[PDB]
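*Asks:* To start, I am sharing the structure in question, which I have written as structure tokens.
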Amino acid sequence: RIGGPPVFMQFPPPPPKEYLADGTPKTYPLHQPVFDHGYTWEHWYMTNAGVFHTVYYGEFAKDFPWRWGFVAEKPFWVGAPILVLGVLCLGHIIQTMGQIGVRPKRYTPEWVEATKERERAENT
Amino acid sequence: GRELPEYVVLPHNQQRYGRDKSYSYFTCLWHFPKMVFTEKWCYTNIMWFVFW
Amino acid sequence: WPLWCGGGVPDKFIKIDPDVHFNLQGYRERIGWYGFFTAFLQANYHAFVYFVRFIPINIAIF
Amino acid sequence: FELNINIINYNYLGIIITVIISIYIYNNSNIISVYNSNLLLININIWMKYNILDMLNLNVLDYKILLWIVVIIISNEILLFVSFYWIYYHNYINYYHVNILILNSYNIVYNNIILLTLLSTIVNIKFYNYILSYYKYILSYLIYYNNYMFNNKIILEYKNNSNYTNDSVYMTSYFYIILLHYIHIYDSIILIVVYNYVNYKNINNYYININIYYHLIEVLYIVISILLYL
Amino acid sequence: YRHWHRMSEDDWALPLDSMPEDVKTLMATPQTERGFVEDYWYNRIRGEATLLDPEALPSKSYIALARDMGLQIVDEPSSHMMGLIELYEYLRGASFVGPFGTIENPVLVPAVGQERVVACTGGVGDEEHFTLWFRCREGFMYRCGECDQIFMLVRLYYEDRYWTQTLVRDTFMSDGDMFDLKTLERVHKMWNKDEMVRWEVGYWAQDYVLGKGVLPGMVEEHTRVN
Amino acid sequence: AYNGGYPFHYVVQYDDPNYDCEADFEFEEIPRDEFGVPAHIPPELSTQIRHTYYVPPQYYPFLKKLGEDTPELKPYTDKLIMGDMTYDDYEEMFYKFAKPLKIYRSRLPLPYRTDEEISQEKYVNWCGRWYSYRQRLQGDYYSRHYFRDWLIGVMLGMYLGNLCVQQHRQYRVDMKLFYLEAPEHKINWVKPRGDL
Amino acid sequence: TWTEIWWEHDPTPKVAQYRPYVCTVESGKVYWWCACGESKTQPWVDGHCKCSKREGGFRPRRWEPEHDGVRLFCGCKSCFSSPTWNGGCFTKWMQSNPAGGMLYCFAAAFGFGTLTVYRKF
Amino acid sequence: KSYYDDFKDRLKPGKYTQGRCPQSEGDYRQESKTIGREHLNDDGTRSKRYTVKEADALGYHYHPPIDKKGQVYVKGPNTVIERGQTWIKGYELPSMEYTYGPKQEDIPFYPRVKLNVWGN
Amino acid sequence: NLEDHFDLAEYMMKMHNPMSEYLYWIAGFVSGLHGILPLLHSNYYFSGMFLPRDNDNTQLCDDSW
Amino acid sequence: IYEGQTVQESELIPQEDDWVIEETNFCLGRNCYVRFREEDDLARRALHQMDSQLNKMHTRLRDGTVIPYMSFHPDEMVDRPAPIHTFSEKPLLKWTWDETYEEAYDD
Ligand SMILES: CCCCCCCCCCCCCCCCCC(=O)OC[C@H](COP(=O)([O-])OCC(O)COP(=O)([O-])OC[C@@H](COC(=O)CCCCCCCCCCCCCCCCC)OC(=O)CCCCCCCCCCCCCCCCC)OC(=O)CCCCCCCCCCCCCCCCC
Ligand SMILES: CCCCCCCCCCCCCCCCCC(=O)OC[C@H](COP(=O)([O-])OCC(O)COP(=O)([O-])OC[C@@H](COC(=O)CCCCCCCCCCCCCCCCC)OC(=O)CCCCCCCCCCCCCCCCC)OC(=O)CCCCCCCCCCCCCCCCC
Ligand SMILES: CCCCCCCCCCCCCCCCCC(=O)OC[C@H](COP(=O)([O-])OCC(O)COP(=O)([O-])OC[C@@H](COC(=O)CCCCCCCCCCCCCCCCC)OC(=O)CCCCCCCCCCCCCCCCC)OC(=O)CCCCCCCCCCCCCCCCC
Ligand SMILES: CCCCCCCC/C=C/CCCCCCCC(=O)OC[C@H](COP(=O)(O)OCCN)OC(=O)CCCCCCC/C=C/CCCCCCCC
Ligand SMILES: CCCCCCCC/C=C/CCCCCCCC(=O)OC[C@H](COP(=O)(O)OCCN)OC(=O)CCCCCCC/C=C/CCCCCCCC
Ligand SMILES: CCCCCCCC/C=C/CCCCCCCC(=O)OC[C@H](COP(=O)(O)OCCN)OC(=O)CCCCCCC/C=C/CCCCCCCC
Ligand SMILES: [Zn+2]
Ligand SMILES: [Zn+2]
Ligand SMILES: [Zn+2]
């Protein structure tokens, strides 16, 4: 249809580049920080790149914060079992905070014996 | 039809923007409140919303 | 209609030039507050036509 | 060449309509609800305006898309009535031996069936004229007279009935099923009030929609008549 | 095509009110400088002037006759361009089925831009495989990694423009001898006399040449209320 | 055979030159069709009437020339000269001489490939065939291997399932001995507590 | 048995060992694994075997660890997860010595049956 | 080798948190005054005027792109005539080192193989 | 325009203002508070305490604390 | 079921005794997060992203033909991240049949 929305249009040229007074090129905000830490590992993974191709994808330590650079440096089966135990221990500790020193009477020895008497009478 | 140059030299010489500085896990705890109480466009919008 | 049953309008009789109809930059200063009110009322001609054709039977039921 | 579809980038009626819906919940007066309903009617009309303006795209699939949408809507209306029939027949074992007066099978059923059949014949004549690219002014006013009688009869029946919604589940189901049909009759008034002759004729989705909808209402009443009156 | 809507009234003819009022300049404008409406009336005025002159038709060659009616003589270049246009238009709302592509005869993938997404479904019967989508970019002979079918991109491009019916006409059609307004007047008097107007486009066209509203009844014809 | 026989577009004629179907609200004028048939003659009658196109006789020499230059076109031109061409005859003439556009592959620019590469076409086809040969054989090989391996899971599941069968088997034996021999089973033992 | 009876157009390795080779590897270092079984610095290419000389379709197999540690490397040269070991060395041995395979599988199955039955019973 | 060291130079550590100085030092909210950048803010983001307040989809700054002849600018292919034939040279994407950074060397080998299919 | 090619171009090109992310996280945080704040309010309304002491509705030993 | 293309014995005969399957690497290379330049503004970063598309990459064979990036579904055919308007020109799904008509050929 003549005059309809074109099926293809060429991009117009980008706006003029900006230079500072001294001639330095102007920089713009960029959310790709260079985290500061001592880790320099580089992990590479063969990745599917369609059906007939792959790509060797690399992860660099300097692109991650300190916490991940520290964890990702260690062998997985060294850190993993420690984390599993640590997380479980923390969960138990957190929930134990709210019941420090709570001593219900129904868990005392006297009450425990009485339940045994009831079970014997009722043949539970 | 408009004619533009390939580049333009700005009058000032300040490099205001660039790569973001390295940050920690809790960097947001102080940066976010700083923006609210220190950026003009932030608290002006808040006051405008609250007032009306 | 500009659909299959009709077609375009000859230039001799075109009264809404899109160059002036569109290009709405600064339109509120060109019509003022009262003109802004009139534009809002006239935008609802479609709704107004429906109400004129819809109220009378409701009055009968009422 | 051109793109197959002229994309719609932005829309603001959705926000307005959704806010109008919320106003129903947050009302402190039933008067606001009445005026809120007018706003909903206005904004829905604007949405219908956009559909008519889309004709300028000259897209062959637009008619088909809207037609199948109506088919889905019709199915939902049928299934809604099915649920009421389901509710009615679940307590069937508790009917006909309670000390209430059920409706007569002679007066109401016959005149309503006759009255609604005339409504179908009027709409059929409208379809025939639409096929022939022709119009008859009187037809619309026959529908209004038909709808006037239906409203007058139903109002009197409810007012003179001696049993109430709280008397038994039978009475509740009778009143509710009859009201649900009335609401669908009133929705037909909303649609038919704008019937006109448009010169683009058989590419106008409104005509086929009205014919399908009016037929649905009438057939539903036959099921209601068999269940309740006969 | 199946994906087009109903023919409009304009698809058959245009209303006389769309005729340019400066006919004298219209008949002198080069084809490359005529717009859609101007080109339509140039061909209709000049085409009907020759067709409504029976005594001259038998002595007029097909080349001249085609030129007067505004019809383009077909040649291999123009035919090639038009053919690929229609194939592109047809594929907008039709399936893409054809012979298996090989190096000698690659599958032709028409496109306006530099890229178009294509899928390979292999051969016929058992040779058909699951769809394998790829981006067909200009300047590469693409080979399916599964069935080894060869694809190639054909671009409808010409001198910073993409092929269109008007573009083909302008590139290849050559303007002939300038239209003579005497022919318009001569044919006008032939079919329009004493209040009988059997050649109405010429009647309007002649009136515009004489200014506007000169011939009988034309002032009343041009006066409108809204 | 479309739209019930009503054409989307058709010509209507009026006898009064100043007639307007939208302005006037009179009730005497009768519109005519393209052939001039008045509207009160129904189409089932008018369509039977034979209408032929009459061109002014000054066009006969031209129509003769068209027939001679294109003999296949002569029979249609003769009908037109003799006033025997109906609308259907015109349509047959129109579509008979319509031809499709031609695309020439020899005019398509080709993707760039060096002479050395063009000489390796047979080699690449040869490699492709061997890949398919290897692919098809491997499918049979893998299908046999893995589906056979699934039997190991069946046998492993049967064994582990049988462990619970044995536990259930022993459980039923134990239950049969509870009410008969087990001292845990007691009678005349539980006494009502009574309301608190 | 793909190379042995199904397909005759893939290179067929020689078994260096029917047991994996244990080696310490370091992250960020690339290792080259012998795919012919004739290198003298197993499990790595020595520069004189078929893999090093690119002879008869044999090429070195590139490998790189994600983390430092001790890893098992295929000695049979047919493990599915080659260069790393996954048990294919034992499987390929059973093909060569099926009588021995029966003894090991019976013994392994016998132990598994006793422990599982003893605990559940 | 460490591939990060190859493109360390390109990655200069940042100065401000989140890449912006305080608005007092530089007002990134205002539209840029640079010629040809009226649709952008100072920090390079699109201005609210361009995208919201005067969006072209709402009828502002009406400018039909298509010309009288129904044409729009189209960039042609890189054509070459050799050996009695007109050839088109396709555009190859730049080296992945330029776009991603890692030096394209010592790439692991992944051969061509057709689809893994179950047979029999 | 090149800037309009990608949806959410500023975010995808890594130039967006961080405040957008903060609002998203704040919105999520506020959503979470709708489960905790009414819990505290309802507890105080019917008991006079924001939160119970563990097992305070049961009999406790003399030294329990 | 699909089991690959059918092959005839004659199609496997080489024209030379030294022919072996070509060892062309189909690993497109080493990649990571797309790394933009601080100097590039919004428009030029968009160009940078458009030049890093894996689905625009291919492997050139020894005869000059290229095997492109291919996917089972068209979701992997749009630019990453997805642009606002993706399929300006309708993607073509190529079917094959043995039917032919004389007009296409010339003697
Ligand atoms: C000596 C005179 C004798 C007269 C005897 C009485 C006859 C009365 C006939 C009334 C028929 C009304 C039918 C209503 C349905 C709609 C009709 C329709 O489509 O009209 C289209 C017609 C034209 O529409 P259009 O769109 O321009 O053209 C469409 C077509 O293309 C073209 O349309 P069309 O031309 O094909 O239309 C054909 C026809 C289609 O309809 C019919 O043919 C239906 C015929 C049904 C007959 C009903 C008779 C009812 C009589 C009952 C009496 C009971 C007495 C009980 C006594 C009890 C004792 C104890 O429609 C009409 O002709 C409708 C009537 C037109 C009159 C309009 C002027 C105002 C009313 C004048 C009434 C005069 C009465 C005089 C009485 C004198 C007696 C001596 O519409 C109009 O003219 C406009 C609206 C008004 C029409 C309705 C008028 C109602 C008048 C009722 C009178 C009788 C009252 C009895 C009361 C008894 C109480 C106890
Ligand atoms: C000699 C050894 C012992 C033999 C015993 C024989 C028993 C009869 C079976 C028939 C005879 C088999 C003879 C085979 C001869 C070899 C033939 C051959 O072709 O060889 C070469 C052939 C291939 O050679 P190749 O190609 O060179 O590659 C060799 C490679 O090594 C690659 O090898 P692959 O890829 O074949 O690797 C196999 C691997 C592959 O497996 C996988 O990839 C699995 C991946 C998913 C893992 C999912 C983990 C579980 C998730 C749980 C979800 C909840 C999470 C909760 C978390 C909580 C928080 C932490 O399979 C497994 O890991 C076994 C999984 C079995 C099911 C697991 C679930 C058991 C549930 C039982 C009921 C529970 C009720 C509980 C009641 C209450 C408590 C008591 O290799 C084999 O055929 C190897 C077969 C060996 C299979 C042994 C599996 C033993 C598992 C025992 C489970 C015991 C459960 C105890 C509890 C029961 C309670 C009721
Ligand atoms: C399930 C969890 C785990 C999930 C794990 C798995 C996740 C997998 C990944 C999933 C990814 C999905 C796909 C993602 C695609 C993202 C695309 C994108 O980024 O689009 C761009 C889009 C916008 O970017 P842009 O294009 O630059 O937009 C420019 C603006 O349009 C224009 O710029 P502008 O500056 O002009 O903007 C205007 C601005 C103007 O801005 C200002 O003026 C700001 C002023 C500062 C205000 C700050 C808040 C102050 C709060 C004070 C509170 C005081 C409390 C006092 C309490 C006292 C108690 C005693 O705002 C406004 O004017 C309106 C704001 C309205 C919205 C915010 C509402 C906040 C909450 C309000 C609550 C009200 C409660 C009342 C209740 C009363 C009941 C009676 O990005 C966003 O919107 C942010 C998205 C961030 C997330 C991205 C995805 C990352 C991956 C996931 C991370 C994990 C998230 C976990 C959930 C959160 C946990 C908390
Ligand atoms: C509470 C129960 C429900 C009632 C409450 C309100 C619900 C509102 C929901 C409305 C849903 C509407 C869906 C419409 C889908 C079909 C649209 C359609 O086909 O319209 C086009 C079609 C034909 O147009 P063409 O230009 O010829 O062709 C179109 C392009 N080819 O046009 C029409 O259908 C015309 C419609 C005209 C009448 C419109 C009336 C609107 C009524 C809205 C009712 C709102 C009432 C709210 C009450 C609230 C308090 C209870
Ligand atoms: C020839 C034309 C008519 C054809 C009719 C076809 C009917 C098809 C019915 C489909 C649903 C069948 C559901 C199974 C039958 C169960 C009947 C039954 O048990 O009824 C009693 C039971 C209640 O008993 P209790 O819960 O135990 O205790 C009640 C104490 N107050 O009722 C029910 O649960 C049944 C309710 C469902 C039936 C009614 C609603 C569903 C039917 C809708 C029909 C719609 C129109 C026809 C559609 C088909 C057109 C081709
Ligand atoms: C009596 C004993 C009391 C003990 C109390 C113990 C409290 C323990 C709390 C443990 C849970 C801590 C949760 C921490 C959540 C951190 C969330 C977070 O990271 O937010 C990220 C998010 C986005 O940041 P970036 O992604 O970095 O964006 C920049 C561009 N990328 O950051 C933000 O939005 C910052 C602001 C988020 C809101 C946080 C504050 C909410 C208000 C908390 C009020 C607490 C009141 C406590 C009163 C106590 C009275 C006794
Ligand atoms: Zn294929
Ligand atoms: Zn080796
Ligand atoms: Zn091994």
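Residue names in the structure tokens use chain letters A, B, ... in the order shown, residue numbers from 1 in each chain, and ligand numbers from 1 in the order shown.
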Tell me which protein, DNA and RNA residues are within 12 Å of residue J:53, counting only C-alpha atoms, leaving out same-chain ones fewer than 3 positions away, and put them as a ChimeraX atom specification.

*Replies:* /A:49 /E:135 /H:92-96,99-100 /J:28,31,33-34,46-50,56-58,69,76-82

*Asks:* What residues of the protein or nucleic acid chains come within 7 Å of ligand 7 when you use only C-alpha atoms and all ligand atoms? Reply as a compact mmCIF listing (two decimals) with N, CA and C atoms, in the first residue's frame.

*Replies:*
```txt
# COMPACT_ATOMS: atom_id res chain seq x y z
N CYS E 120 14.44 -23.21 7.42
CA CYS E 120 14.63 -24.35 6.54
C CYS E 120 13.87 -25.53 7.12
N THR E 121 13.06 -26.18 6.29
CA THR E 121 12.34 -27.38 6.70
C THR E 121 12.80 -28.62 5.94
N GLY E 122 13.96 -28.55 5.29
CA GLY E 122 14.49 -29.70 4.60
C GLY E 122 13.78 -29.99 3.30
N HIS E 129 12.81 -31.92 7.86
CA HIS E 129 13.28 -31.88 9.24
C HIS E 129 12.60 -30.73 9.97
N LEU E 132 14.50 -24.87 11.18
CA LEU E 132 15.78 -24.31 11.62
C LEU E 132 15.83 -22.87 11.15
N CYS E 144 22.17 -24.67 4.89
CA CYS E 144 21.57 -25.29 6.06
C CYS E 144 22.51 -26.35 6.62
N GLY E 145 22.72 -26.32 7.93
CA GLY E 145 23.64 -27.25 8.54
C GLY E 145 23.14 -28.68 8.61
N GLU E 146 21.85 -28.90 8.34
CA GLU E 146 21.25 -30.22 8.45
C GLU E 146 21.02 -30.88 7.10
N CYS E 147 20.34 -30.19 6.18
CA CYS E 147 20.03 -30.75 4.88
C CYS E 147 20.91 -30.20 3.77
N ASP E 148 21.72 -29.18 4.05
CA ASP E 148 22.61 -28.57 3.06
C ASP E 148 21.84 -27.86 1.95
N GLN E 149 20.68 -27.30 2.27
CA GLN E 149 19.94 -26.49 1.31
C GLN E 149 20.56 -25.10 1.24
```

*Asks:* When you draw a straight line from atom 93 (C, counted along the ligand's line) of ligand 2 to atom CA of residue F:159, how long is it in Å?

*Replies:*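 Pair atom 93 (C, counted along the ligand's line) of ligand 2 / atom CA of residue F:159 returns 9.7 Å.
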
*Asks:* Taking the backbone alone, and naming residues the way the document does, which bits of chain H are alpha helix (DSSP H) by DSSP, as a list in words?

*Replies:*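 Listing alpha helix (DSSP H) positions across chain H yields residues 48, 96, 97, 98 and 99 of chain H.
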
*Asks:* Tell me which protein, DNA and RNA residues are within 10 Å of stretch 68-73 of chain A, counting only C-alpha atoms, leaving out same-chain ones fewer than 2 positions away, and put them as a ChimeraX atom specification.

*Replies:* /A:35,37-43,60-66,75-76,79-80 /G:27,66-68

*Asks:* Would you mind exporting the chosen residues as a tab-separated table (two decimals), in the first residue's frame, restricted to C-alpha atoms?

*Replies:*
```tsv
chain	number	residue	atom	x	y	z
A	35	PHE	CA	35.04	-4.22	41.40
A	37	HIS	CA	39.48	-7.08	45.13
A	38	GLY	CA	42.37	-9.50	44.82
A	39	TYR	CA	40.59	-12.25	42.88
A	40	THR	CA	41.54	-12.80	39.24
A	41	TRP	CA	40.02	-16.16	38.29
A	42	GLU	CA	38.52	-16.67	34.83
A	43	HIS	CA	35.94	-19.42	34.27
A	60	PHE	CA	35.93	-12.78	34.98
A	61	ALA	CA	36.37	-12.17	38.69
A	62	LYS	CA	36.78	-8.40	38.28
A	63	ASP	CA	33.20	-8.23	36.96
A	64	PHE	CA	31.75	-9.51	40.25
A	65	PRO	CA	31.73	-8.12	43.80
A	66	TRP	CA	34.07	-9.40	46.50
A	75	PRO	CA	36.10	-25.69	44.58
A	76	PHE	CA	32.36	-26.23	44.50
A	79	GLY	CA	32.33	-24.55	49.66
A	80	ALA	CA	29.01	-26.27	48.99
G	27	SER	CA	42.60	-23.51	37.18
G	66	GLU	CA	37.21	-24.68	36.47
G	67	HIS	CA	38.81	-25.07	39.91
G	68	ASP	CA	42.05	-26.47	41.25
```

*Asks:* Find, counting only C-alpha atoms, the residue in F:85, F:182, F:73, F:110 that gets nearest to chain J.

*Replies:* F:110

*Asks:* Counting only C-alpha atoms and all ligand atoms, what residues are within 10 Å of ligand 9, given as JSON, numbers by chain?

*Replies:* {"G": [15, 16, 17, 18, 19, 20, 21, 72, 73, 74, 75, 76, 77, 78, 79, 80, 81, 82, 83, 84, 85, 86, 87, 88, 89, 90, 91, 92, 93]}

*Asks:* Write the residues of the selection above to a file with N, CA, C and O atoms, as an mmCIF file, in the first residue's frame.

*Replies:*
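The new file part.cif reads:
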```cif
data_model
loop_
_atom_site.group_PDB
_atom_site.id
_atom_site.type_symbol
_atom_site.label_atom_id
_atom_site.label_comp_id
_atom_site.auth_asym_id
_atom_site.auth_seq_id
_atom_site.Cartn_x
_atom_site.Cartn_y
_atom_site.Cartn_z
ATOM 1 N N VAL G 15 43.879 -48.834 24.033
ATOM 2 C CA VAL G 15 43.678 -48.662 25.466
ATOM 3 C C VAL G 15 45.039 -48.569 26.138
ATOM 4 O O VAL G 15 45.822 -49.525 26.115
ATOM 5 N N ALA G 16 45.329 -47.413 26.730
ATOM 6 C CA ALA G 16 46.546 -47.282 27.520
ATOM 7 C C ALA G 16 46.411 -48.013 28.846
ATOM 8 O O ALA G 16 47.331 -48.716 29.276
ATOM 9 N N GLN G 17 45.266 -47.866 29.497
ATOM 10 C CA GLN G 17 45.028 -48.424 30.814
ATOM 11 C C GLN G 17 43.527 -48.583 30.963
ATOM 12 O O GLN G 17 42.767 -47.745 30.472
ATOM 13 N N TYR G 18 43.097 -49.653 31.627
ATOM 14 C CA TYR G 18 41.682 -49.844 31.920
ATOM 15 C C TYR G 18 41.291 -49.232 33.254
ATOM 16 O O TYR G 18 40.336 -49.686 33.895
ATOM 17 N N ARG G 19 42.020 -48.209 33.681
ATOM 18 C CA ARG G 19 41.832 -47.505 34.933
ATOM 19 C C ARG G 19 42.116 -46.034 34.672
ATOM 20 O O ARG G 19 42.931 -45.711 33.802
ATOM 21 N N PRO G 20 41.455 -45.124 35.383
ATOM 22 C CA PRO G 20 41.737 -43.700 35.180
ATOM 23 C C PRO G 20 43.091 -43.300 35.748
ATOM 24 O O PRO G 20 43.642 -43.947 36.640
ATOM 25 N N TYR G 21 43.625 -42.209 35.205
ATOM 26 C CA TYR G 21 44.860 -41.601 35.692
ATOM 27 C C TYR G 21 44.502 -40.436 36.606
ATOM 28 O O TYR G 21 43.795 -39.513 36.189
ATOM 29 N N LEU G 72 40.149 -37.244 37.752
ATOM 30 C CA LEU G 72 40.390 -38.519 37.096
ATOM 31 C C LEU G 72 40.305 -38.347 35.588
ATOM 32 O O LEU G 72 39.423 -37.651 35.081
ATOM 33 N N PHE G 73 41.225 -38.986 34.873
ATOM 34 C CA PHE G 73 41.325 -38.844 33.430
ATOM 35 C C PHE G 73 41.242 -40.206 32.761
ATOM 36 O O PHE G 73 41.803 -41.190 33.255
ATOM 37 N N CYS G 74 40.535 -40.254 31.638
ATOM 38 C CA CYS G 74 40.286 -41.515 30.956
ATOM 39 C C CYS G 74 41.591 -42.149 30.499
ATOM 40 O O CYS G 74 42.456 -41.480 29.930
ATOM 41 N N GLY G 75 41.722 -43.449 30.748
ATOM 42 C CA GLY G 75 42.849 -44.214 30.255
ATOM 43 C C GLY G 75 42.441 -45.150 29.140
ATOM 44 O O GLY G 75 43.265 -45.541 28.311
ATOM 45 N N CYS G 76 41.160 -45.517 29.110
ATOM 46 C CA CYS G 76 40.643 -46.369 28.050
ATOM 47 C C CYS G 76 40.469 -45.624 26.736
ATOM 48 O O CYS G 76 40.375 -46.264 25.685
ATOM 49 N N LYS G 77 40.417 -44.295 26.774
ATOM 50 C CA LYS G 77 40.300 -43.449 25.593
ATOM 51 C C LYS G 77 38.944 -43.561 24.916
ATOM 52 O O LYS G 77 38.805 -43.180 23.753
ATOM 53 N N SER G 78 37.929 -44.058 25.619
ATOM 54 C CA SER G 78 36.594 -44.130 25.046
ATOM 55 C C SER G 78 35.514 -43.657 26.009
ATOM 56 O O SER G 78 34.328 -43.767 25.678
ATOM 57 N N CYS G 79 35.872 -43.140 27.180
ATOM 58 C CA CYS G 79 34.858 -42.663 28.109
ATOM 59 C C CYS G 79 34.012 -41.579 27.454
ATOM 60 O O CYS G 79 34.522 -40.725 26.724
ATOM 61 N N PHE G 80 32.706 -41.629 27.711
ATOM 62 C CA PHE G 80 31.801 -40.642 27.133
ATOM 63 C C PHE G 80 32.191 -39.233 27.549
ATOM 64 O O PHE G 80 32.079 -38.288 26.762
ATOM 65 N N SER G 81 32.650 -39.074 28.789
ATOM 66 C CA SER G 81 33.045 -37.780 29.324
ATOM 67 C C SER G 81 34.531 -37.511 29.160
ATOM 68 O O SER G 81 35.108 -36.746 29.940
ATOM 69 N N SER G 82 35.167 -38.113 28.163
ATOM 70 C CA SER G 82 36.587 -37.897 27.964
ATOM 71 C C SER G 82 36.846 -36.412 27.713
ATOM 72 O O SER G 82 36.025 -35.731 27.095
ATOM 73 N N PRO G 83 37.989 -35.880 28.168
ATOM 74 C CA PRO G 83 39.113 -36.513 28.865
ATOM 75 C C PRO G 83 38.812 -37.020 30.267
ATOM 76 O O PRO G 83 39.530 -37.883 30.758
ATOM 77 N N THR G 84 37.789 -36.481 30.913
ATOM 78 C CA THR G 84 37.498 -36.884 32.276
ATOM 79 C C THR G 84 36.937 -38.302 32.306
ATOM 80 O O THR G 84 36.412 -38.815 31.318
ATOM 81 N N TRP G 85 37.064 -38.934 33.464
ATOM 82 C CA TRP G 85 36.604 -40.298 33.663
ATOM 83 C C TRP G 85 35.191 -40.310 34.225
ATOM 84 O O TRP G 85 34.837 -39.479 35.067
ATOM 85 N N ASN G 86 34.382 -41.260 33.752
ATOM 86 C CA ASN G 86 33.042 -41.449 34.291
ATOM 87 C C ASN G 86 32.715 -42.918 34.517
ATOM 88 O O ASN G 86 31.563 -43.236 34.830
ATOM 89 N N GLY G 87 33.686 -43.817 34.385
ATOM 90 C CA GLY G 87 33.454 -45.238 34.525
ATOM 91 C C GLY G 87 33.508 -46.005 33.229
ATOM 92 O O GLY G 87 33.369 -47.232 33.253
ATOM 93 N N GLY G 88 33.705 -45.332 32.097
ATOM 94 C CA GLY G 88 33.786 -46.034 30.832
ATOM 95 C C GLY G 88 34.973 -46.963 30.740
ATOM 96 O O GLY G 88 34.938 -47.926 29.970
ATOM 97 N N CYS G 89 36.027 -46.698 31.513
ATOM 98 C CA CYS G 89 37.185 -47.582 31.508
ATOM 99 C C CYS G 89 36.808 -48.979 31.981
ATOM 100 O O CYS G 89 37.248 -49.977 31.402
ATOM 101 N N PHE G 90 35.993 -49.071 33.033
ATOM 102 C CA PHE G 90 35.511 -50.375 33.472
ATOM 103 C C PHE G 90 34.591 -51.001 32.434
ATOM 104 O O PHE G 90 34.672 -52.205 32.170
ATOM 105 N N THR G 91 33.709 -50.202 31.835
ATOM 106 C CA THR G 91 32.789 -50.733 30.838
ATOM 107 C C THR G 91 33.548 -51.308 29.650
ATOM 108 O O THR G 91 33.262 -52.419 29.194
ATOM 109 N N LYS G 92 34.531 -50.566 29.143
ATOM 110 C CA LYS G 92 35.300 -51.052 28.007
ATOM 111 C C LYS G 92 36.101 -52.293 28.369
ATOM 112 O O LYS G 92 36.334 -53.150 27.513
ATOM 113 N N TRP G 93 36.531 -52.408 29.625
ATOM 114 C CA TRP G 93 37.224 -53.615 30.053
ATOM 115 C C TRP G 93 36.305 -54.829 29.996
ATOM 116 O O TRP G 93 36.713 -55.905 29.545
#
```

*Asks:* Given a cut-off of 9 Å, what residues near ligand 8 show up using only C-alpha atoms and all ligand atoms, put as JSON, numbers by chain?

*Replies:* {"G": [13, 33, 34, 35, 36, 37, 38, 39, 40, 42, 43, 44, 45, 46, 47, 48, 49, 50, 51, 52, 53, 54, 58, 59, 60]}

*Asks:* Which residues sit within 9 Å of ligand 2, counting only C-alpha atoms and all ligand atoms, listed as a PyMOL selection string?

*Replies:* (chain A and resi 84) or (chain F and resi 145-146+148-164) or (chain G and resi 78-81+85-92+94+101-102+104-113+116+119-120)

*Asks:* Kindly compile the residues surrounding ligand 4 within 8 Å, counting only C-alpha atoms and all ligand atoms, and format them as a PyMOL selection string.

*Replies:* (chain C and resi 50) or (chain D and resi 33-34+36-38+40-42+44-45+48-49+51-55+62-63+66-67+69-70+187+190-194+203-207+209)
